Amino acid sequence: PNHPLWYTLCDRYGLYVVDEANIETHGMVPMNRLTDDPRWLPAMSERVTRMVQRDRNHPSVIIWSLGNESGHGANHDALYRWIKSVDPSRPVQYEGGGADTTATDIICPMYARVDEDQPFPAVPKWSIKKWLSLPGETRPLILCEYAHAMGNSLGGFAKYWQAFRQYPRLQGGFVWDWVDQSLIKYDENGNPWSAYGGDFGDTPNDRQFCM
Amino acid sequence: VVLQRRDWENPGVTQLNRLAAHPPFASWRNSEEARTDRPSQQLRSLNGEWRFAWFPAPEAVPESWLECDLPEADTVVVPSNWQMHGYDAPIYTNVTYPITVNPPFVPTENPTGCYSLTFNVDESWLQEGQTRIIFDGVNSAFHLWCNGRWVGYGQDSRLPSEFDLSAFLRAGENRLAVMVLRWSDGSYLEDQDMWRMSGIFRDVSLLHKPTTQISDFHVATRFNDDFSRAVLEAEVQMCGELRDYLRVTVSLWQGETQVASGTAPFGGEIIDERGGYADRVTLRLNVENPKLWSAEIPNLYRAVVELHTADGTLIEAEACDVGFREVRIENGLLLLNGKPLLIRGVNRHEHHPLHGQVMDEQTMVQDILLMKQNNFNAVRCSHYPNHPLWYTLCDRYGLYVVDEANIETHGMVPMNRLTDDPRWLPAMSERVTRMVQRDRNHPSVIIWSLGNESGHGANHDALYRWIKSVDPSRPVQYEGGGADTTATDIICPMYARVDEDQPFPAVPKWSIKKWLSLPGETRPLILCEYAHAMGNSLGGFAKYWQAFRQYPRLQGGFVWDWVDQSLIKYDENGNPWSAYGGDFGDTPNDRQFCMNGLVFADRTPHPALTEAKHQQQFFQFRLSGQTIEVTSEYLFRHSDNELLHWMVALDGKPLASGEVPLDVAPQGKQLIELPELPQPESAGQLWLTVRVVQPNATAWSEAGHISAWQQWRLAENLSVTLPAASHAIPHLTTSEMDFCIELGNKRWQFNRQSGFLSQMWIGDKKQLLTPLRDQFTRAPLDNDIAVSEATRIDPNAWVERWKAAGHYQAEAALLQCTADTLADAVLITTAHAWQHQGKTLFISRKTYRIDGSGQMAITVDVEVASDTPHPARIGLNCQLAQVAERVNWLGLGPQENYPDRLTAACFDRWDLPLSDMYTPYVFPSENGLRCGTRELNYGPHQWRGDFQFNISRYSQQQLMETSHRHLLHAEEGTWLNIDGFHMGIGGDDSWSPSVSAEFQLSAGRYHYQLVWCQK
Amino acid sequence: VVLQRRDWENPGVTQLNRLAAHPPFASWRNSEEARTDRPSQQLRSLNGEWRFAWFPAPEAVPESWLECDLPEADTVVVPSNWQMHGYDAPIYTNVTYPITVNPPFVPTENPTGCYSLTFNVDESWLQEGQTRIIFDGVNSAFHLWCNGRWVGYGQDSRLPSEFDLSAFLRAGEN
Ligand SMILES: OC[C@H]1O[C@@H](OC[C@H]2O[C@@H](O)[C@H](O)[C@@H](O)[C@@H]2O)[C@H](O)[C@@H](O)[C@H]1O
Ligand SMILES: [Mg+2]
Ligand SMILES: [Mg+2]
Ligand SMILES: [Mg+2]
Ligand SMILES: [Mg+2]
Ligand code: NA
Ligand code: NA
Ligand code: NA
Ligand code: NA
Ligand code: NA
Ligand code: NA
C-alpha cells in the first residue's frame, strides 16, 4: 500500500489503481512455504484487511491484489474470499502460483509473451493469446507485469499492443516499471552519481537489476 | 512478565511457544506395534493424582508455587473439572455470557486453578530426541512452567496444546506447574449452551520423538466411477536434518495382509518458481476392489508410515485407521460412495453427571452402542472438537461425524459482532485450522463445521474457503446467519419445521420442504438441530421422517440432543439427586434448559428414544392383502443378519405367528406372502405385528436385537350379540344431599351439591379419596412452558395462555343434577359450567347409567368456548384408595405415548409395575400417558372405552408445583387421569408454541364414553 | 519485558495496543471545512526535526533514552530512511532474503533506530476527547513510548499504526 496522498491524487487526476497488500515471500523455498502455513495466516490477514479498511473509499482503486510472488497457498484462498465478502465492488487479483489460480478474478501473468509459450513446470507462462482460450478458461487477462524496461529495452512493445487491440479479453497490462531505483552517491570532487546494488558495500547484492 | 502481559485478555495472543497441530502420534520404534495399534513406550500418560490449589485471581498466586508444592494444596484426580471437586460452582447459562460482555476483557475476579505434578523422567529420554508435553484439554487458558521456568501459553479448551520440554527437563525428579484461568478472551468464542466449567479436563501425556521425525501426514483416497479401483495418497512431512539416505515407506494392511506398499526419498514435486518441498514426499498406492467404509459396514485398513534409512534401519513409525470412502455433493445430494445419505443423526455434548466434562472410554462406548441400537448413524460434535478417542470409536463402530470448531459467540449483540471483525480472525482461524490438522485422517468425519451460533461474519467466509482449499474431500457446513449463507455447502437450519414457515426478519426458518425450492436454491438440506427433546417431547417426530423419505434433497438431521446435562448433588443422607441450572448457587442461570436429552444423564432412556428408533428404522413395510412388502433403506449391505417375525392377535390374544428370513438387497424389496389366517371365533379387532430380529450378535448389539417393527389393523368383527340380561336391579335412594345407588355389596354416591360421584363402596371399603371430576388442564410440560432463557416469557406459550384464561383456577358450577329409574338401571344426569371471572370456559354434560351387572356407563359431552385457548386435555380424574402392584391394559404401549408421539407404541395387552407408568423427568410434568386404550385394569377396577390414561401416586397438582423429581412424595392412594382427548406435546422447539394444529383440542364439542366396573 | 518477549521474532504478535484501521480521518469540527478539504485544526503534523541515535541491536539501547535525550544523538529530518543519512548501508537484493532464512528469527545484530521528539500539546486537547498518534510508515517494526511510559508495538512497514496517547500526555512539553 502507498502513501495515503497517492490515492487522493489518483482520484483527482484520474488513474486506475491496483492496490496491493504488503506481502512478498519470494526467497522462500518453495515460494508458498509461508503462505500455505496456517501459523502465518494472522500476519498475512492484517496486511490484507487493514489495506481494505484504509483504502476502500477511494474511487481510483478498482482492483485489490493479494501481494506479489508468494506462491499460491491456502492463506491466499482465505483472504481472497474475505475481500470478496467484505467488498463486492472490486475484483481481486493475484499472480502467484501460475497467474490463473482460484485466488484471482483476472488472469494476471508476469512476462508472458504474445505468441511464444514458456512451458515452465507447474507454473507455465503461456502465450497470452493462447492462455485466454485454454479449455474452461473465461476470465479476462491483464498482465500485472510485462515489457521489462531494464536499460536499453522495450523491444517488441508494439507486438503487445497489437494483441491487446485485436483480442477483446486481452485488456492490457502494467509495464515493469516506472522509475529506475538508482541512489545518489558523491565522489571525491563532491559530484553526485547514480549508484546501484553493491555500491554501498552491500553484499550479497543483485547489482544493476534495481534499475 | 506473565502478570504484566495479561495474555488472557488479548485475542491477538492465543498461544506462546505452542507446537504445530498434527494427527495422533505415538512415535512407535517398532513397525509391528504401529500396525497392530499396540501401546507405545514413547507415549506416556501423566493422568492420575496431581496437586491442586484454587485462587480467586492470578494475582493471588504466590511465586513460591513455581518452585515447590503449596502445603495448602490438595491431591486430586486429573483429568478433572475443578467445579466437580467443589472448589467453586459450575454455572449453567444458555445465551447470556457468564461474564460481563466487554471484549477482550474478563473479570478481575478470575478463578485460577493451580495444578502441579512431580514426576520422573529417565535420562534416555533427554540424551537424544525431543520430549514434548501434550494437554488434550484445558479450560479455558493456561500458562505452563517446568522446574520453575516458563515454557508457554495456550488457549482453545477443546484441542490439544503441545510444548517442547526437551530443554526444561532434567534426569530424575521434575515438577510441572500449570496455571489454569477460568476466563480468558477465548471465553468470548466459547458461549455454548452448557455448564460453564474449567480445569485440566482431558488427558495429559508426554511424547518422545527423535530429532529426525515424522511431523505430519495426510491420507487421501480417490476412486473410479464404480469404486472398483482406488488410489491411496499419503503426504508425509518431516522435521530435523535432511539426508540423502532418508526414506519414507507407507504400507496398507487388510487384517494381517499387506495389500500395498510404497517407498521414496524425501523431495516433493515442483510446485512453483522456487521449486518444491524438500522435506515432504507423497506416496501413491493402488488398491483394487477396496472394501468400502460406511456406518453400515465400517471396513477399515491400516496405514503405517515409516521413517527409515535406505539400508532398512527404522527411525520411527506412525499409523492410522483408513476407511475407503468418498463424500461429495452432486446435483444437490450428499453422496457417500456414490449413494445418497439419509442422516439419522443426533447432537452429542461430552457430558457426565459425576465427572462433568471429563470423557472416558466406557461412557463413549455406551453412547455409541445405544445410538446404533436405536438406529442412529450419525453424530454432530456440538459444538467443539471432541476427545480424540471419540473419532477412533466412530471409525471402528461406524457413525458419520460432523466435526465442529470450538466457536460460539451466541451472547454477542448482534451475533456476528466478533465473527465479522478482522481482529478476531486469527483466534477463529486457529479453532478451525487446528481441528482440521488433527482430525482430517478420520474416515468417520464426513463434514466439517465452522462452529455454532456466531451469526455470519466475513471471518466465516474466509475460513470456509480455507477448508475447501486444504481438504476438498469433505463438505463444509455452518448454520449461523440463516442456515443458507455462502459459508455452507448444506442448508442446515435448526428447528425449521416440516410444513410451517417461521418468517423471522433476516434469519427466517422456512418449512424445510419450501426451503429446498426457493428460487436459485440447489443444495441438500440436513437439519443441524431438530426435534428438541426437552422433557416430555418429540411430538411430531414422524412428520420429519415422512418428509425425509419423500423428498430426495431432505437428507435428514441431528436431533437435539443425546444426553441430559444434569449434574449429581447429594442430600443430607448422602442420597444422589439430579440437579440443573441454579442448583449450585450459580446465578444468573437458565434452570432446566440444560436438559434436552433422549437419555437421562446416566444413559437411562427417555420414552422419546423409542419413537426415534422406530421412525429411524432401516426397513419400510406395506401390507396388501396377504402380502407384506419389505423395502430396505440400506445403501450398501444386504440384510444378512435379519429375520421377520409376524404375529396376528385378537385384542391381545395370539392367534398365529411365524418367521421368514429376510434376503433384501440394499434399496431392494422382498415380498412375503402370509398363510391363510384362521377366522377368529370371538368378536373384536385383529392386529398384525411384524418385527425385524437380528439373530446374530454384532460389535454393537446382542443376539435377538429388534431393529424394526410395524402394525396394521386386519379384519374386525363388530360385537352384535347383546349381553344376556342380568336379573338384578339397582336401587335409588334419594336424600336432600345425595343420590345413592345400591346393588348388593356395591354403593355409588352422587353428591347433589357438587354433582360428582363423590364416593363408591365395595362392602364397607371406600374406593375413592377424591371425587371423580372433570379435568381440562395438565401439569405443564417443558414445551408448554416454552422458555429458553429464564428472563424471557412468551405470552403465546401454552402455559401462559392457559393461566391468563383461568384454566388452572376454573371453578365448577353445578347446573343440573337429576336421577331417574329405568326398568333395569339407574340414570344420573349432570351438567357443570367451568367459569373464570364471569366467562364460561367449558360445559360438561354427563350421564351415569348403572345396571344390574354393576357396570357404570359414563357418557361425557363437553363444550369448549371457541375463544378460550384450546385445553390440554378433556377428561376425568380421581384419587383412588387402592394402591396395587400392577397396571394391566389393552392399548398402545408399553412405553409412555402421546397423540403426536405414539407411532412407536404398539397395540397389545401390556402389564407393568405401577412405577413404570410414571416417567421420572428431572423437571416434573404431565407424564406416563398411554393412548388408544380400550381396557384398563387396576386392582379391583376395570375401565373400558377408547381413551388415554395415566396412573400414578402423584397428582397433577403436585407435579405442577414441584421443580425436581427427588422432591416428589407418593400421595395416599392412586391418582387416575382418564382422557377422552389429550393435546399434543410438541417439541419442534421448546421456546415457542410447537404443537401442530391437528393435535390441538380445537373441535369445540367433544364426546367420549367410559364403562367403570369391578373386575 | 520488552527485551524478554522479543515481539519482533513472533508472527503471532504483529502489534500491541494498536487501534483499528479506518479510512483517512481529520476530525473537522466545522462542516464547511470538511466539505472543502481544508486543513483541520484537529490533525497536526509531527514531521520535521527529531532526534536520532543508531544502535547495532536493541540490547545496546540504554534505558536512560526512555527518560531523556541521548547527548550522542543527532538532529535529523523525519520522515526519513536512516540509510539515506549514512547511519548504515542500504542493501539491494532481488530474491534472496537480506537475512538468513530461519523463520521467525532475525539476526542478533539487528540495526536499531532510536528516534525521539519533544513536542507541545495544547491543554484543550487533554481536557476532552481522544488524542492519538499516527505513524503512516515505519520499517520494519517498532516499540513506542511516551513520557517514559510504554504505549505499544507495530509491524507492517506500509500501513499506518495508530495509538491512543490520551492517558500518556500532559499539557505543554512531551
Ligand atoms: O437447547 C437449545 C439448543 O438449541 C440451539 O439454539 C438455542 C436456542 O436458544 C434460544 O435462546 C434462542 O431463542 C433460539 O434462537 C435458539 O434456537 C443451540 O444450537 C444448542 O446448543 C442448544 O442451545
Ligand atoms: Mg489471549
Ligand atoms: Mg447457544
Ligand atoms: Mg484400551
Ligand atoms: Mg512479530
Ligand atoms: Na483488448
Ligand atoms: Na528489479
Ligand atoms: Na430424502
Ligand atoms: Na439447552
Ligand atoms: Na437374513
Ligand atoms: Na413441575
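Note that we place each Cβ from the backbone using ideal geometry, even for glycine, and neighbour counts take in every protein chain shown. All of this is worked out from the model, or read from it or from the source named; these are not laboratory values.
Quick notes on this structure:
- Residues satisfying the criterion are present in the stretch B:733-746 (criterion: over 23 Å from B:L892 (Cβ atoms) and among the basic types (K, R)).
Yes or no, residue by residue, for (1) closer than 19 Å to C:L165 by Cβ; (2) of a type outside the set (V, I, T); (3) within 16 Å of ligand 10 (Cβ to nearest atom); (4) away from chain A (no Cβ under 14 Å):
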| residue | (1), (2), (3), (4) |
| --- | --- |
| C:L3 | no, yes, no, yes |
| C:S40 | yes, yes, no, yes |
| C:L43 | yes, yes, no, no |
| C:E49 | no, yes, no, yes |
| C:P62 | no, yes, no, yes |
| C:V76 | no, no, no, yes |
| C:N81 | no, yes, no, no |
| C:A89 | no, yes, no, no |
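- Each residue in the stretch B:837-871 was checked for being of a type in the set (S, T, N, Q) and either touching an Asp or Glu at 6+ places or on another chain (Cβ under 6 Å) or closer than 25 Å to B:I741 by Cα (or both), and 5 of them qualify.
- Residues satisfying the stated conditions in the stretch B:499-518, i.e. under 19 Å from B:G332 (Cβ atoms) and in a loop (DSSP other than H, G, I, E, B): B:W510, B:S511, B:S517, B:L518
- B:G574 in contact with a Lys or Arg (Cβ under 8 Å, 6 or more places away or on another chain), part of a loop (DSSP other than H, G, I, E, B) and on the phi > 0 side of the Ramachandran plot: no
- Within the stretch B:427-448, residues that are within 11 Å of chain A (Cβ to nearest Cβ) sit with their Cβ atoms under 7 Å from residues that are surrounded by fewer than 23 Cβ atoms within 10 Å (Cβ to Cβ) and part of a helix (DSSP H, G or I), at 6+ positions apart or across chains, in these pairs: B:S429/A:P38; B:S429/A:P42; B:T433/A:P38; B:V436/B:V470.
Residue by residue, here is whether (1) without any contact (Cβ under 8 Å) to a residue 12 or more places away in the chain; (2) over 17 Å from B:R440 (Cα atoms); (3) touching a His at 6+ places or on another chain (Cβ under 9 Å); (4) within 16 Å of ligand 6 (Cβ to nearest atom) holds:
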| position | (1), (2), (3), (4) |
| --- | --- |
| B:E350 | no, yes, yes, no |
| B:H355 | no, yes, no, no |
| B:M359 | no, yes, yes, no |
| B:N375 | no, yes, yes, no |
| B:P385 | no, no, no, no |
| B:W390 | no, no, no, no |
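- Hits in the stretch A:19-38 - residues which are outside any loop (DSSP other than H, G, I, E, B) and within 12 Å of chain B (Cβ to nearest Cβ): A:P38
- Residue under evaluation C:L144, criteria (1) of a type in the set (A, V, I, L, M, F, W, C); (2) within 14 Å of another protein chain (Cβ to nearest Cβ); (3) touching a residue at least 12 places away in the same chain (Cβ under 8 Å); (4) surrounded by 14 or more Cβ atoms within 10 Å (Cβ to Cβ), criterion not met: (2)
- Breaking point among (1) of a type in the set (G, A, S); (2) in contact with a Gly (Cβ under 9 Å, 6 or more places away or on another chain); (3) more than 16 Å from ligand 1 (Cβ to nearest atom), for B:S566: (3)
- Residue in the stretch A:19-53 that is surrounded by the most Cβ atoms within 10 Å (Cβ to Cβ), counting only those that are in contact (Cβ under 8 Å) with a residue 60 or more places away in the chain and over 22 Å from B:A458 (Cα atoms): A:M31
- Within the stretch B:420-436, the set of residues being surrounded by fewer than 23 Cβ atoms within 10 Å (Cβ to Cβ) and farther than 18 Å from A:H76 by Cβ comprises B:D420, B:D421, B:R423.
- Residue within the stretch B:280-302 that is touching a residue at least 40 places away in the same chain (Cβ under 8 Å) and among the small types (G, A, S) present: yes
- Residues within the stretch B:864-893 that are more than 21 Å from B:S955 (Cβ to Cβ) and crowded, with 17+ Cβ neighbours inside 10 Å, tallied: 8
- Filter result for B:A487 (over 18 Å from B:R348 (Cα atoms) and in contact with a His (Cβ under 7 Å, 6 or more places away or on another chain)): yes
- Failed item, numbered, when B:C239 is tested on (1) touching a strand residue (DSSP E or B) at 6+ places or on another chain (Cβ under 8 Å); (2) over 21 Å from B:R29 (Cβ atoms); (3) without any contact (Cβ under 8 Å) to a residue 60 or more places away in the chain: (2)
- Within the stretch C:148-174, restricting attention to residues that are without any contact (Cβ under 8 Å) to a residue 60 or more places away in the chain and closer than 16 Å to A:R47 by Cα, the residue that is nearest to ligand 5 (Cβ to nearest atom) is C:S157.
- Cβ-Cβ contacts under 6 Å between residues 6 or more apart (or on different chains), taken from a first residue in the stretch B:123-134 that is assigned by CATH to the domain that holds B:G152 to a second residue that is among the β-branched types (V, I, T) and buried (at least 18 other Cβ atoms within 10 Å of the Cβ), are listed as B:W125/B:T131.
- Of the numbered criteria (1) surrounded by 14 or more Cβ atoms within 10 Å (Cβ to Cβ); (2) assigned to a loop (DSSP other than H, G, I, E, B), the one C:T96 fails is (1).
- Looking only at residues of the stretch B:485-500 that are away from chain A (no Cβ under 14 Å) and β-branched (V, I, T), we find that the one that is farthest from B:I467 (Cα to Cα) is B:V498.
- Breaking point among (1) within 14 Å of another protein chain (Cβ to nearest Cβ); (2) in a loop (DSSP other than H, G, I, E, B), for A:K185: (2)
- The residue of the stretch B:631-654 that is nearest to B:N337 (Cα to Cα), among those that are touching an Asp or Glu at 6+ places or on another chain (Cβ under 6 Å) and in a strand (DSSP E or B), is B:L643.
- Of the strands (runs of 3 or more DSSP E) lying entirely inside the stretch B:686-771, those containing at least 1 residues that are closer than 19 Å to B:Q1014 by Cα span B:731-734, B:738-742, B:746-751, B:757-762.
- Residues of the stretch A:122-166 that turn out to be of a type in the set (K, R), in contact with a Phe, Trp or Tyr (Cβ under 7 Å, 6 or more places away or on another chain) and under 30 Å from A:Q208 (Cβ atoms), as a count: 1
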